[PDB]
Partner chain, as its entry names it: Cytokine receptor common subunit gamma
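Below you'll find only one chain, the form solved without the partner chain, shown as structure tokens.
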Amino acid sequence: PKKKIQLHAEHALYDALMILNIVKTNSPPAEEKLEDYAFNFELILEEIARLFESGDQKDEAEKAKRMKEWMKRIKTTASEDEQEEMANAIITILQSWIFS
């Protein structure tokens, strides 16, 4: 399922990057879209976790579950600094899945 995971990770990275751009900007309309990007991201990461679970990469599946919880923090409670830190952590992991 590596090819499937790579494709899901690319689309999840698109969501995460748009969210990071929203976090770093003060745009009244762009704050409404953050929840939509976040929910889409959570759906993708749940599927990535299952694909890892279907294989023998339990640690990677646990990473995917945590990233889903981080995005829940990003879209609800988190401060701008906390949002960016979690967004960057997410982006780093997705890049590792995409390029290796």
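Numbering follows the first chain given and starts at 1. Here, rigid core means the biggest group of C-alpha atoms that superpose within 1.5 Å across both forms.
Although it is not shown, the form solved in complex with the partner chain is what the next lines describe.
The putative spot formed by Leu34, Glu69 and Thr76 is not touched by the partner chain in the entry with it bound; no residue has a non-hydrogen atom within 4.5 angstroms of it. Contact annotation: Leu13 falls within 4.5 Å of the partner chain in the entry with it bound, judged by heavy atom distances. Remark: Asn21 does not count among the residues lining the partner chain in the entry with it bound, judged by a heavy atom distance of 4.5 Å or less. In the entry with it bound, at least one heavy atom of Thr92 sits within 4.5 Å of a heavy atom of the partner chain. Proximity of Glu85 to the partner chain in the entry with it bound falls within the 4.5 Å heavy atom cutoff. Once both forms are fitted on their core, a CA shift of 2 Å or more is seen for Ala78 between this form and the one not shown.
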